[PDB]
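Just model-v4.txt here, compact mmCIF, N, CA, C and O atoms:
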# COMPACT_ATOMS: atom_id res chain seq x y z
N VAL A 3 0.82 -1.21 0.00
CA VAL A 3 0.00 0.00 0.00
C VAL A 3 0.86 1.27 0.00
O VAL A 3 1.77 1.43 0.83
N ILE A 4 0.50 2.09 -0.96
CA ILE A 4 1.10 3.41 -1.18
C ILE A 4 0.19 4.45 -0.50
O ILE A 4 -0.88 4.73 -1.08
N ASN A 5 0.58 4.95 0.64
CA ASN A 5 -0.24 5.96 1.36
C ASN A 5 0.54 7.15 1.92
O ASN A 5 0.04 7.83 2.84
N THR A 6 1.73 7.41 1.43
CA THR A 6 2.53 8.56 1.90
C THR A 6 2.35 9.68 0.87
O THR A 6 2.05 9.41 -0.31
N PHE A 7 2.58 10.90 1.35
CA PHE A 7 2.46 12.11 0.51
C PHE A 7 3.33 11.98 -0.74
O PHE A 7 2.85 12.26 -1.85
N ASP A 8 4.56 11.52 -0.57
CA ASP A 8 5.50 11.38 -1.70
C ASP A 8 5.13 10.20 -2.59
O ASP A 8 5.14 10.32 -3.83
N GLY A 9 4.81 9.11 -1.95
CA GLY A 9 4.43 7.88 -2.64
C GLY A 9 3.26 8.14 -3.58
O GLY A 9 3.31 7.81 -4.78
N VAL A 10 2.20 8.71 -3.04
CA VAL A 10 0.98 8.94 -3.83
C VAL A 10 1.21 10.04 -4.89
O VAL A 10 0.74 9.92 -6.03
N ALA A 11 1.93 11.08 -4.51
CA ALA A 11 2.21 12.21 -5.42
C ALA A 11 2.94 11.73 -6.69
O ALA A 11 2.57 12.10 -7.81
N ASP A 12 3.97 10.92 -6.48
CA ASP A 12 4.80 10.38 -7.59
C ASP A 12 3.97 9.39 -8.40
O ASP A 12 4.14 9.35 -9.64
N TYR A 13 3.12 8.66 -7.72
CA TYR A 13 2.26 7.69 -8.41
C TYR A 13 1.28 8.40 -9.33
O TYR A 13 1.05 7.91 -10.46
N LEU A 14 0.68 9.48 -8.89
CA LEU A 14 -0.33 10.23 -9.65
C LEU A 14 0.13 10.92 -10.93
O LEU A 14 -0.60 11.08 -11.93
N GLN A 15 1.34 11.42 -10.87
CA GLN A 15 2.00 12.18 -11.95
C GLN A 15 2.45 11.29 -13.10
O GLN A 15 2.50 11.79 -14.24
N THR A 16 2.74 10.05 -12.82
CA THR A 16 3.16 9.01 -13.74
C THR A 16 2.01 8.20 -14.35
O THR A 16 1.91 8.17 -15.60
N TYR A 17 1.23 7.59 -13.47
CA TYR A 17 0.11 6.73 -13.87
C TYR A 17 -1.22 7.45 -14.00
O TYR A 17 -2.14 6.85 -14.61
N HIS A 18 -1.33 8.65 -13.50
CA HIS A 18 -2.56 9.43 -13.64
C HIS A 18 -3.81 8.81 -13.05
O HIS A 18 -4.92 8.93 -13.58
N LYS A 19 -3.60 8.19 -11.92
CA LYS A 19 -4.63 7.51 -11.11
C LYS A 19 -3.99 7.17 -9.76
O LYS A 19 -2.76 7.18 -9.65
N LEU A 20 -4.84 6.91 -8.79
CA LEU A 20 -4.38 6.56 -7.44
C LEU A 20 -3.97 5.11 -7.40
O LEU A 20 -4.34 4.32 -8.28
N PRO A 21 -3.19 4.70 -6.40
CA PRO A 21 -2.83 3.31 -6.25
C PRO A 21 -4.08 2.56 -5.90
O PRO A 21 -5.11 3.21 -5.53
N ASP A 22 -3.99 1.25 -6.02
CA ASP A 22 -5.13 0.33 -5.85
C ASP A 22 -5.76 0.28 -4.45
O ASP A 22 -6.87 -0.23 -4.28
N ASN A 23 -5.06 0.81 -3.46
CA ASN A 23 -5.58 0.75 -2.08
C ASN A 23 -6.60 1.86 -1.84
O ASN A 23 -7.08 1.99 -0.70
N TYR A 24 -6.95 2.64 -2.86
CA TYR A 24 -7.93 3.69 -2.64
C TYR A 24 -9.31 3.28 -3.12
O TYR A 24 -9.48 2.60 -4.14
N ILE A 25 -10.29 3.73 -2.37
CA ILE A 25 -11.71 3.52 -2.66
C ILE A 25 -12.41 4.82 -2.28
O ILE A 25 -11.97 5.48 -1.34
N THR A 26 -13.45 5.13 -3.04
CA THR A 26 -14.22 6.35 -2.79
C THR A 26 -15.16 6.10 -1.61
O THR A 26 -15.37 4.96 -1.17
N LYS A 27 -15.66 7.21 -1.10
CA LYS A 27 -16.59 7.21 0.05
C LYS A 27 -17.84 6.39 -0.24
O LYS A 27 -18.21 5.59 0.63
N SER A 28 -18.45 6.54 -1.40
CA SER A 28 -19.66 5.76 -1.71
C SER A 28 -19.33 4.27 -1.78
O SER A 28 -20.12 3.39 -1.38
N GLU A 29 -18.15 3.99 -2.30
CA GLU A 29 -17.69 2.60 -2.41
C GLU A 29 -17.56 1.99 -1.02
O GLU A 29 -18.04 0.89 -0.72
N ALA A 30 -16.89 2.75 -0.16
CA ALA A 30 -16.66 2.40 1.25
C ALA A 30 -18.02 2.22 1.92
O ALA A 30 -18.21 1.23 2.65
N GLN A 31 -18.94 3.13 1.66
CA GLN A 31 -20.28 3.04 2.26
C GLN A 31 -21.02 1.76 1.86
O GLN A 31 -21.75 1.14 2.69
N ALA A 32 -20.82 1.37 0.62
CA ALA A 32 -21.44 0.17 0.05
C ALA A 32 -20.93 -1.10 0.71
O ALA A 32 -21.67 -2.09 0.74
N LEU A 33 -19.71 -1.06 1.22
CA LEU A 33 -19.07 -2.17 1.91
C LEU A 33 -19.38 -2.21 3.42
O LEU A 33 -18.85 -3.06 4.15
N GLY A 34 -20.21 -1.29 3.84
CA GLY A 34 -20.66 -1.20 5.24
C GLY A 34 -19.76 -0.31 6.10
O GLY A 34 -19.66 -0.50 7.32
N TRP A 35 -19.09 0.66 5.48
CA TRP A 35 -18.25 1.61 6.24
C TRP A 35 -19.20 2.58 6.98
O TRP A 35 -20.07 3.16 6.34
N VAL A 36 -19.01 2.72 8.27
CA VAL A 36 -19.83 3.64 9.08
C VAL A 36 -18.84 4.66 9.65
O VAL A 36 -18.01 4.28 10.49
N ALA A 37 -18.93 5.89 9.16
CA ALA A 37 -18.03 6.98 9.59
C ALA A 37 -17.92 7.15 11.10
O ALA A 37 -16.80 7.22 11.64
N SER A 38 -19.05 7.18 11.77
CA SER A 38 -19.10 7.35 13.22
C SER A 38 -18.51 6.24 14.06
O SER A 38 -18.34 6.49 15.27
N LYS A 39 -18.23 5.11 13.46
CA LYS A 39 -17.67 3.97 14.19
C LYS A 39 -16.22 3.75 13.80
O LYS A 39 -15.60 2.84 14.39
N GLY A 40 -15.68 4.51 12.87
CA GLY A 40 -14.29 4.35 12.44
C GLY A 40 -13.92 2.92 12.07
O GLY A 40 -12.83 2.47 12.46
N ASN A 41 -14.78 2.24 11.34
CA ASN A 41 -14.58 0.82 10.99
C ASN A 41 -14.01 0.50 9.62
O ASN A 41 -14.08 -0.70 9.28
N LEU A 42 -13.49 1.48 8.89
CA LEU A 42 -12.95 1.19 7.54
C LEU A 42 -12.03 -0.02 7.45
O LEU A 42 -12.21 -0.91 6.58
N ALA A 43 -11.05 -0.07 8.32
CA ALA A 43 -10.10 -1.20 8.34
C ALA A 43 -10.81 -2.54 8.49
O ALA A 43 -10.33 -3.57 7.96
N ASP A 44 -11.94 -2.59 9.18
CA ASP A 44 -12.71 -3.80 9.38
C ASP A 44 -13.44 -4.28 8.11
O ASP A 44 -13.48 -5.48 7.84
N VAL A 45 -14.03 -3.35 7.39
CA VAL A 45 -14.81 -3.68 6.20
C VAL A 45 -14.02 -3.68 4.91
O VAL A 45 -14.45 -4.32 3.94
N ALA A 46 -12.93 -2.95 4.88
CA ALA A 46 -12.09 -2.81 3.67
C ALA A 46 -10.63 -2.69 4.10
O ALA A 46 -10.00 -1.63 4.05
N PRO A 47 -10.15 -3.84 4.57
CA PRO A 47 -8.78 -3.98 5.09
C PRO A 47 -7.74 -3.44 4.12
O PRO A 47 -7.84 -3.76 2.92
N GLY A 48 -6.81 -2.64 4.61
CA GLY A 48 -5.75 -2.11 3.75
C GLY A 48 -6.16 -1.02 2.79
O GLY A 48 -5.27 -0.56 2.03
N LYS A 49 -7.41 -0.60 2.80
CA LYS A 49 -7.88 0.48 1.92
C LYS A 49 -7.98 1.80 2.72
O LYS A 49 -8.12 1.79 3.95
N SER A 50 -7.88 2.87 1.96
CA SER A 50 -8.04 4.26 2.42
C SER A 50 -9.06 4.91 1.50
O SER A 50 -9.29 4.45 0.38
N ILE A 51 -9.65 5.98 1.98
CA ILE A 51 -10.62 6.76 1.20
C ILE A 51 -9.84 7.65 0.23
O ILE A 51 -8.93 8.32 0.73
N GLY A 52 -10.22 7.70 -1.04
CA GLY A 52 -9.53 8.57 -2.00
C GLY A 52 -10.20 8.51 -3.36
O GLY A 52 -10.83 7.48 -3.71
N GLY A 53 -10.05 9.62 -4.10
CA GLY A 53 -10.61 9.67 -5.45
C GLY A 53 -11.87 10.50 -5.58
O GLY A 53 -12.34 10.64 -6.73
N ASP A 54 -12.38 11.04 -4.49
CA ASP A 54 -13.59 11.87 -4.59
C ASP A 54 -13.22 13.32 -4.99
O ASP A 54 -12.17 13.86 -4.67
N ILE A 55 -14.15 13.93 -5.68
CA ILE A 55 -14.14 15.29 -6.17
C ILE A 55 -14.11 16.22 -4.97
O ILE A 55 -14.94 15.99 -4.07
N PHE A 56 -13.22 17.18 -5.03
CA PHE A 56 -13.13 18.17 -3.93
C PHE A 56 -13.59 19.48 -4.59
O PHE A 56 -12.97 19.98 -5.54
N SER A 57 -14.68 20.00 -4.05
CA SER A 57 -15.38 21.20 -4.56
C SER A 57 -14.50 22.46 -4.77
O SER A 57 -14.65 23.18 -5.77
N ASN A 58 -13.60 22.70 -3.84
CA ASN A 58 -12.75 23.92 -3.83
C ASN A 58 -13.67 25.17 -3.75
O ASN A 58 -13.55 26.22 -4.39
N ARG A 59 -14.67 24.99 -2.88
CA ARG A 59 -15.70 26.00 -2.61
C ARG A 59 -15.17 27.38 -2.25
O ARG A 59 -15.59 28.40 -2.81
N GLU A 60 -14.24 27.39 -1.31
CA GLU A 60 -13.61 28.61 -0.79
C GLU A 60 -12.48 29.14 -1.66
O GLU A 60 -11.75 30.07 -1.27
N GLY A 61 -12.35 28.57 -2.84
CA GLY A 61 -11.32 28.96 -3.80
C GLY A 61 -9.93 29.00 -3.21
O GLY A 61 -9.12 29.84 -3.65
N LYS A 62 -9.58 28.12 -2.29
CA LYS A 62 -8.24 28.08 -1.69
C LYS A 62 -7.21 27.46 -2.63
O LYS A 62 -6.00 27.72 -2.48
N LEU A 63 -7.65 26.64 -3.56
CA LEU A 63 -6.76 26.00 -4.53
C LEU A 63 -6.92 26.74 -5.86
O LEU A 63 -8.02 27.19 -6.18
N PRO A 64 -5.80 26.84 -6.56
CA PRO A 64 -5.76 27.53 -7.85
C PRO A 64 -6.86 26.98 -8.76
O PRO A 64 -6.84 25.78 -9.12
N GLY A 65 -7.78 27.87 -9.08
CA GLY A 65 -8.90 27.51 -9.97
C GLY A 65 -8.45 27.66 -11.42
O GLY A 65 -7.36 28.15 -11.78
N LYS A 66 -9.36 27.20 -12.27
CA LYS A 66 -9.17 27.23 -13.73
C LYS A 66 -10.45 26.70 -14.36
O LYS A 66 -11.10 25.79 -13.82
N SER A 67 -10.82 27.17 -15.48
CA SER A 67 -11.99 26.64 -16.21
C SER A 67 -11.54 25.26 -16.74
O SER A 67 -10.49 25.12 -17.41
N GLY A 68 -12.30 24.23 -16.37
CA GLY A 68 -11.95 22.88 -16.84
C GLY A 68 -10.99 22.07 -15.97
O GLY A 68 -10.63 20.92 -16.29
N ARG A 69 -10.57 22.68 -14.87
CA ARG A 69 -9.66 22.01 -13.92
C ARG A 69 -10.52 21.41 -12.79
O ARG A 69 -11.31 22.12 -12.14
N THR A 70 -10.31 20.12 -12.59
CA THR A 70 -11.02 19.39 -11.55
C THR A 70 -10.08 19.00 -10.42
O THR A 70 -8.98 18.53 -10.73
N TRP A 71 -10.51 19.14 -9.19
CA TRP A 71 -9.71 18.78 -8.02
C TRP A 71 -10.34 17.54 -7.37
O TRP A 71 -11.57 17.42 -7.26
N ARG A 72 -9.47 16.64 -6.97
CA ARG A 72 -9.86 15.41 -6.26
C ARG A 72 -8.96 15.27 -5.05
O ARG A 72 -7.90 15.92 -4.98
N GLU A 73 -9.38 14.44 -4.13
CA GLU A 73 -8.64 14.23 -2.90
C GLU A 73 -8.45 12.78 -2.55
O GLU A 73 -9.14 11.94 -3.13
N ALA A 74 -7.53 12.51 -1.65
CA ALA A 74 -7.23 11.18 -1.16
C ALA A 74 -6.62 11.31 0.25
O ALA A 74 -5.90 12.27 0.51
N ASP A 75 -6.95 10.35 1.09
CA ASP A 75 -6.45 10.30 2.47
C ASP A 75 -4.99 9.85 2.47
O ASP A 75 -4.62 8.95 1.67
N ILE A 76 -4.21 10.41 3.35
CA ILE A 76 -2.78 10.07 3.46
C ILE A 76 -2.53 9.61 4.89
O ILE A 76 -3.21 10.08 5.81
N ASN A 77 -1.57 8.71 5.03
CA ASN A 77 -1.15 8.16 6.32
C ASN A 77 -2.22 7.38 7.07
O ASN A 77 -2.04 7.16 8.30
N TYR A 78 -3.25 6.91 6.39
CA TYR A 78 -4.29 6.14 7.09
C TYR A 78 -3.98 4.65 7.19
O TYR A 78 -3.65 4.06 6.15
N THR A 79 -4.21 4.08 8.37
CA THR A 79 -4.02 2.61 8.53
C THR A 79 -5.29 2.01 9.14
O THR A 79 -5.81 1.03 8.59
N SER A 80 -5.84 2.57 10.20
CA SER A 80 -7.07 2.03 10.79
C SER A 80 -7.68 3.07 11.72
O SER A 80 -7.03 4.09 11.97
N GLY A 81 -8.86 2.79 12.20
CA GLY A 81 -9.59 3.67 13.12
C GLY A 81 -10.24 4.78 12.30
O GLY A 81 -10.55 4.67 11.11
N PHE A 82 -10.44 5.87 13.01
CA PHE A 82 -11.04 7.09 12.46
C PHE A 82 -10.04 7.72 11.49
O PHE A 82 -8.82 7.59 11.62
N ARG A 83 -10.61 8.42 10.52
CA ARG A 83 -9.77 9.11 9.52
C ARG A 83 -9.04 10.22 10.27
O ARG A 83 -9.50 10.67 11.32
N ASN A 84 -7.94 10.66 9.72
CA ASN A 84 -7.06 11.73 10.21
C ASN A 84 -7.40 12.99 9.41
O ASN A 84 -8.37 12.96 8.65
N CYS A 85 -6.56 13.97 9.51
CA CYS A 85 -6.79 15.26 8.80
C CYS A 85 -5.74 15.45 7.62
O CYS A 85 -5.67 16.55 7.03
N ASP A 86 -5.02 14.40 7.25
CA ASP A 86 -4.06 14.34 6.15
C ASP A 86 -4.76 14.02 4.83
O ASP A 86 -5.50 13.03 4.72
N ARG A 87 -4.52 14.86 3.85
CA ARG A 87 -5.11 14.66 2.51
C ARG A 87 -4.19 15.21 1.43
O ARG A 87 -3.44 16.17 1.65
N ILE A 88 -4.27 14.58 0.30
CA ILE A 88 -3.53 15.02 -0.87
C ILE A 88 -4.59 15.54 -1.84
O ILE A 88 -5.67 14.95 -1.99
N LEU A 89 -4.25 16.64 -2.48
CA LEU A 89 -5.15 17.28 -3.43
C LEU A 89 -4.45 17.40 -4.77
O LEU A 89 -3.38 18.01 -4.88
N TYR A 90 -5.10 16.77 -5.75
CA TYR A 90 -4.59 16.72 -7.11
C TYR A 90 -5.65 17.18 -8.11
O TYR A 90 -6.84 16.87 -7.98
N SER A 91 -5.14 17.94 -9.06
CA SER A 91 -5.98 18.51 -10.13
C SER A 91 -5.86 17.68 -11.41
O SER A 91 -4.99 16.80 -11.57
N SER A 92 -6.76 17.98 -12.34
CA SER A 92 -6.75 17.27 -13.64
C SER A 92 -5.46 17.53 -14.43
O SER A 92 -5.08 16.74 -15.30
N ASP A 93 -4.77 18.64 -14.13
CA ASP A 93 -3.52 18.96 -14.85
C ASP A 93 -2.27 18.70 -13.98
O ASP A 93 -1.22 19.33 -14.16
N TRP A 94 -2.49 17.78 -13.07
CA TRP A 94 -1.49 17.17 -12.14
C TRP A 94 -0.71 18.12 -11.24
O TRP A 94 0.49 17.93 -11.00
N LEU A 95 -1.38 19.14 -10.74
CA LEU A 95 -0.79 19.97 -9.68
C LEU A 95 -1.09 19.20 -8.39
O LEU A 95 -2.21 18.69 -8.22
N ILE A 96 -0.14 19.10 -7.50
CA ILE A 96 -0.40 18.39 -6.23
C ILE A 96 -0.08 19.28 -5.02
O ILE A 96 1.01 19.86 -4.93
N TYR A 97 -1.09 19.32 -4.18
CA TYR A 97 -1.10 20.08 -2.93
C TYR A 97 -1.35 19.14 -1.75
O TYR A 97 -1.85 18.01 -1.91
N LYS A 98 -1.02 19.66 -0.60
CA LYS A 98 -1.25 18.90 0.64
C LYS A 98 -1.88 19.82 1.70
O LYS A 98 -1.81 21.03 1.72
N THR A 99 -2.53 19.11 2.59
CA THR A 99 -3.20 19.59 3.79
C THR A 99 -3.01 18.50 4.87
O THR A 99 -2.99 17.28 4.67
N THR A 100 -2.76 19.04 6.05
CA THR A 100 -2.57 18.25 7.27
C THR A 100 -3.50 18.84 8.33
O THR A 100 -3.32 18.54 9.52
N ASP A 101 -4.49 19.62 7.90
CA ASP A 101 -5.39 20.22 8.90
C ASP A 101 -6.84 20.25 8.45
O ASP A 101 -7.60 21.18 8.79
N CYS A 102 -7.23 19.25 7.71
CA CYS A 102 -8.62 19.13 7.25
C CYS A 102 -9.07 20.31 6.39
O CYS A 102 -10.04 21.01 6.72
N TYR A 103 -8.31 20.46 5.34
CA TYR A 103 -8.55 21.43 4.26
C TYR A 103 -8.51 22.89 4.68
O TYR A 103 -9.05 23.76 3.96
N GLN A 104 -7.87 23.16 5.81
CA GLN A 104 -7.80 24.56 6.28
C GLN A 104 -6.79 25.33 5.42
O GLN A 104 -7.09 26.41 4.88
N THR A 105 -5.59 24.78 5.31
CA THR A 105 -4.48 25.35 4.55
C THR A 105 -3.84 24.30 3.64
O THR A 105 -3.73 23.11 3.94
N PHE A 106 -3.41 24.82 2.50
CA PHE A 106 -2.79 24.03 1.44
C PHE A 106 -1.39 24.48 1.04
O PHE A 106 -1.16 25.69 0.95
N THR A 107 -0.50 23.54 0.79
CA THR A 107 0.85 23.89 0.32
C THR A 107 1.20 22.91 -0.83
O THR A 107 0.81 21.73 -0.80
N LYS A 108 1.88 23.47 -1.82
CA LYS A 108 2.30 22.71 -3.00
C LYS A 108 3.36 21.65 -2.66
O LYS A 108 4.29 21.90 -1.88
N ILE A 109 3.22 20.46 -3.25
CA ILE A 109 4.22 19.37 -3.06
C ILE A 109 4.73 18.86 -4.42
O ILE A 109 5.81 18.26 -4.51
N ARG A 110 3.96 19.10 -5.47
CA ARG A 110 4.36 18.75 -6.86
C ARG A 110 3.76 19.76 -7.83
O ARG A 110 2.70 20.35 -7.57
Just dump the structure as structure tokens.
Amino acid sequence: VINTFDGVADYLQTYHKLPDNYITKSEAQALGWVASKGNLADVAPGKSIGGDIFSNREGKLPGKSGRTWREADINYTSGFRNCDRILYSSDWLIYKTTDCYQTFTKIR
């Protein structure tokens, strides 16, 4: 499993998709993931949440017409999700957050 900021960042720029250990929230939900119980590791062992569209509502990430932002969890192993996320755009800009989307800094 590739779940580090560098690991995932390098993977995305080359293969243009997340590593296989990622599943979207709806996917996770379909497998019986219950957010309030922090049971992801139980229902989807070795998987992390990733690949969902990130709105960029507050315009904190560089916008563009036709640019889509997606996110993925970083450093997750089990229990409740953390506040680590990687943010990647359709034109492969990569940003990070370690505070639940409060602040972003470029990594690629």
DSSP strand (DSSP E or B) residues within stretch 21-110 of chain A, listed as a PyMOL selection string: chain A and resi 24-25+50-55+71-75+87-91+96-99+107-108
DSSP on the backbone, then: every residue of chain A marked helix (DSSP H, G or I), written as a PyMOL selection string. chain A and resi 7-17+27-32+37-39+42-45
Atom pair atom CA of residue A:96 + atom CA of residue A:11, distance 6.8 Å
For stretch 21-29 of chain A, work out the shell of residues within 5 Å, counting only N, CA, C and O atoms and skipping chain neighbours fewer than 4 positions away, then give it as a PyMOL selection string. chain A and resi 33+48-52
Interatomic distance (Å, one decimal) between atom CA of residue A:71 and atom CA of residue A:9: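 Between atom CA of residue A:71 and atom CA of residue A:9 the gap works out to 18.6 Å.
Restricting the calculation to all atoms listed in the file, the smallest distance between residue A:69 and any of A:98, A:39, A:104, A:93 is found for A:93.
Each of A:40, A:103, A:109, A:20 was checked against residue A:4 using only C-alpha atoms; the smallest atom-to-atom distance is that of A:20.
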Write out as a PyMOL selection string which residues come within 12 Å of residue A:18 when counting only C-alpha atoms, dropping same-chain ones fewer than 6 positions away. chain A and resi 10-12+53+72+90-96
Give me, please, the distance in Å between atom N of residue A:66 and atom N of residue A:97, quoted to one decimal.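 Interatomic distance here is 14.0 Å.
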If we count only N, CA, C and O atoms and set the cut-off at 8 Å, which residues sit around residue A:82, ignoring sequence neighbours fewer than 5 positions away in its own chain? Please answer as a JSON list (two decimals) with N, CA, C and O atoms, in the coordinates of the input.
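Output below, filename selection_32.json:
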[["chain", "number", "residue", "atom", "x", "y", "z"],
["A", 36, "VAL", "N", -19.01, 2.72, 8.27],
["A", 36, "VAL", "CA", -19.83, 3.64, 9.08],
["A", 36, "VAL", "C", -18.84, 4.66, 9.65],
["A", 36, "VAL", "O", -18.01, 4.28, 10.49],
["A", 37, "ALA", "N", -18.93, 5.89, 9.16],
["A", 37, "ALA", "CA", -18.03, 6.98, 9.59],
["A", 37, "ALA", "C", -17.92, 7.15, 11.10],
["A", 37, "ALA", "O", -16.80, 7.22, 11.64],
["A", 38, "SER", "N", -19.05, 7.18, 11.77],
["A", 38, "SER", "CA", -19.10, 7.35, 13.22],
["A", 38, "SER", "C", -18.51, 6.24, 14.06],
["A", 38, "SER", "O", -18.34, 6.49, 15.27],
["A", 39, "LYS", "N", -18.23, 5.11, 13.46],
["A", 39, "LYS", "CA", -17.67, 3.97, 14.19],
["A", 39, "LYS", "C", -16.22, 3.75, 13.80],
["A", 39, "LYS", "O", -15.60, 2.84, 14.39],
["A", 40, "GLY", "N", -15.68, 4.51, 12.87],
["A", 40, "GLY", "CA", -14.29, 4.35, 12.44],
["A", 40, "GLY", "C", -13.92, 2.92, 12.07],
["A", 40, "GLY", "O", -12.83, 2.47, 12.46],
["A", 41, "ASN", "N", -14.78, 2.24, 11.34],
["A", 41, "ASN", "CA", -14.58, 0.82, 10.99],
["A", 41, "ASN", "C", -14.01, 0.50, 9.62],
["A", 41, "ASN", "O", -14.08, -0.70, 9.28],
["A", 42, "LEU", "N", -13.49, 1.48, 8.89],
["A", 42, "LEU", "CA", -12.95, 1.19, 7.54],
["A", 42, "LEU", "C", -12.03, -0.02, 7.45],
["A", 42, "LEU", "O", -12.21, -0.91, 6.58],
["A", 43, "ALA", "N", -11.05, -0.07, 8.32],
["A", 43, "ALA", "CA", -10.10, -1.20, 8.34],
["A", 43, "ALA", "C", -10.81, -2.54, 8.49],
["A", 43, "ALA", "O", -10.33, -3.57, 7.96],
["A", 77, "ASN", "N", -1.57, 8.71, 5.03],
["A", 77, "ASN", "CA", -1.15, 8.16, 6.32],
["A", 77, "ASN", "C", -2.22, 7.38, 7.07],
["A", 77, "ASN", "O", -2.04, 7.16, 8.30]]
